[PDB]
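What follows is a single chain, given as structure tokens, in the form solved without the DNA.
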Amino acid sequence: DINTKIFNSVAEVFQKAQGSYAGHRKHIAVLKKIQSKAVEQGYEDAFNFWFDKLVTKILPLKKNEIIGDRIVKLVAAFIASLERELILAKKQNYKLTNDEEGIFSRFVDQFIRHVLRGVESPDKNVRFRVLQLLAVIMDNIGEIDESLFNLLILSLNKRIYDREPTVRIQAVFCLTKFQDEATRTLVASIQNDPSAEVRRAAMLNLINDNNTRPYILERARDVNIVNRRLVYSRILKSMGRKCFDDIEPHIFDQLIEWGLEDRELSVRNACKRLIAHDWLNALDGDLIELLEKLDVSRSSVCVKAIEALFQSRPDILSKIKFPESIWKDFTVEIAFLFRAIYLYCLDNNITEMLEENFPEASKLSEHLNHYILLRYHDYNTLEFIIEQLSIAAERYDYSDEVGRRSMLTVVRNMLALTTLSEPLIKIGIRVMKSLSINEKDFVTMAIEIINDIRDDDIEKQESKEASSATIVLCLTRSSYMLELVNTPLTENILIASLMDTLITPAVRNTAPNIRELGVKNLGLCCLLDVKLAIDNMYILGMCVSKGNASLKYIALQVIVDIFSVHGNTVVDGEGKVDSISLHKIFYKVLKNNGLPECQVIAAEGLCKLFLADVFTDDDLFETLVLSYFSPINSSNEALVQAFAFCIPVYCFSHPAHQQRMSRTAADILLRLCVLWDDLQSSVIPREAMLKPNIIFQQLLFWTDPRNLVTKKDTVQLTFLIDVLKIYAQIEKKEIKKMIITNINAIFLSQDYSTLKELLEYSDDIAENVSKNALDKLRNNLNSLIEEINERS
């Protein structure tokens, strides 16, 4: 009959189409004839029925199987072929006379419904194939009545939360084609879905609109590295030039900083290549304009971006020369290049293009001077240019004694300017250090400058004591000078004078701006003379206790540094402050989250001292670990990250350090379980802190012996037994279950006495699966017992 003939005709196509794409265009050609004739004889439903039947055979095939992929493409090519004939008759405006429209609308509608019968099937393979078929025909189904449109959206909206990420990706692909609801559904998945590959699918296929771009670029911090890399590898690359117009400049700068500072190399290189190769090319080799986009005047990312470029493109590097003609049109971009090239070539020793590309020191001193005159005889751009040239000047070549004096008399006149901005005092003094032959030549020239500023102030007064503003200038200059001094004060007499004449009076009076400078100047001197540090330990304790948050900030840093340089000889003795007194100063600051900036200095500072062994008090070290796990300090990311990096290296650097952790860790664990259990009570400000099992295996990890940079030691052993004595001191078994299950992370093998003691406790605890976990320990343990016993 003709019904079986239809089946044989369509099955023959599917039989050959599964094996190769070679004849797919011919296969569609015949399928359209089988259909057309089938409807002619009134068997439209026989064709639709058999077409469906053969498609069901590929539904259970798993994602990878090429045979399924080949038939999915055939199905899609068939529907796309039928629709193209309908689009042409509409676009070329000619009539169709064989009901092609009706047949198509009915075939599509019937086929989607058939395929949707397995959208919620138990077999994840058909659920994938179903949405794959849908995704690949969406563009070519044309206009569909509302019942089928509602059925589609509802079916997909359920598959966006499918159990398999593979089906969810396919659900994403389907919803992307309904963008313009579906757009918000995809943004909902870009932020909230746990699978990284689906967030990636949503991100890459989400329309790049002013409404959606913030959510797309938000994935520049995705926990997955690929999603972060793809922001620079594809998203930002796709935009091209629009990365400087339709992208907010504030988020723009944040994207480069993130990519260039990322902890992973793939992300770093991806962002590097986007700047050095893709962007630069998008701007037609114009490096100057590329720098205009990075905004050198208001960003420091360009320092890494251009060095990133220089590595990728050494050919452009040798083309930037600096003849005297360049200075006629000198801008912030060119000025930044001047320092960036010169410093980059010194670091990588490309001395080839320093003898012919850059002026000699004597000519650079004229240009540097010139801009100083324009400014102190747009003011922002002038100050910026002066800074860029001075940066290069500090590392310039002054072998030619003519250029050394020229540059020197230039910077001395600059540093003499009472109106000189602080950033230009800083770099101006560092240049004078490079120019000076030795420290004494440096301090003598520096103090000579300073004294002239204060002395000149007393003539305007004798038109007694120097003005307050004048003191700010002298101390700012001296602070940057003393940062570069490295000889004992005993050798420098003039610094002894500066102490009496200027520094200690500044520590005495107010406002802060003058007092803060006095403390920093003092602290820098204390680093050079141990006695001076001894005699000012009381002053610094008062500055943190009676000073604003800013004065605490500096005085605390001074205290921590005095300890780092001099050790414990500034404490506990005749004429010396008490250690325990300073311990209280740190503790009071460390726990005052009213000002969290200082907590990091206290948190970090104390880690620095315990690490150098300058500090070694068990009770204080315990206050640190608890402030790390504390719920009040979750707000302070810097503090948590400080403790997160310090206290692991402390243990793992020397066993005496880890030995300290072992004695405390049991008491620490105790005092955080009691805590969390009390965050259930009716007194709050729980998920604001880790749950004990996390804390335990964290604690246990630090106490593990082999993680130290030569013997078993059993430092970890002693920690555990402590953890077992404290045990049983709990309201809720839930946290007992936590502490017990995470055991067996131990390293066992010597020292008989200790392990037998450990067994005795474990036996005592033989009082729910926690029982299994503990039994796992004793059987392993009992083996160690008989082994050692028989060894004798």
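Heads up, when I say rigid core I mean the largest set of C-alphas that superpose within 1.5 Å between the two forms. In this text, residue numbers run from 1 along the sequence as written.
The same protein also exists as the form solved in complex with the DNA; that form is not shown, yet it is the one meant from here on.
Here the chain stands alone, but in the bound PDB entry its contact with the DNA, taken as any heavy atom within 4.5 Å, falls in 228 to 236 among 520 to 528, 100 to 108, 412 to 420, 228 to 236. Taking the partner from elsewhere, every residue among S195, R200 and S266 has a non-hydrogen atom within 4.5 angstroms of the DNA in the bound PDB entry. With the partner omitted from this view, the residue of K576, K440, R117, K124 that lies near the DNA in the bound PDB entry is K124 [heavy atom within 4.5 Å].
Contact annotation: of the candidates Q41, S749, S753, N64, the single residue with a non-hydrogen atom within 4.5 angstroms of the DNA in the bound PDB entry is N64. Proximity of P631 to the DNA in the bound PDB entry falls outside the 4.5 Å heavy atom cutoff. Within this chain, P165 lines the site of the DNA in the bound PDB entry, having a heavy atom no more than 4.5 Å away. Shown alone here, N357 lies farther than 4.5 Å from the DNA in the bound PDB entry, counting heavy atoms only. At the 4.5 Å threshold, heavy atoms of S468 stay clear of the DNA in the bound PDB entry, well away from it. Residues are counted as partner-facing when one of their heavy atoms sits within 4.5 Å of the DNA in the bound PDB entry; in 725 to 750 only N742 qualifies.
Among the candidates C526, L175, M432, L540, displacement between the shown form and the other one reaches 2 angstroms at the C-alpha for one position only, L175 (superposition on the rigid core). Core-superposed comparison between the shown form and the other one: the CA of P165 exceeds or equals a 2 Å shift. With the core held fixed between the shown form and the other one, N492 has its Cα displaced by under 2 Å. After superposing the rigid core, the Cα of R273 is displaced by less than 2 Å between the shown form and the other one.
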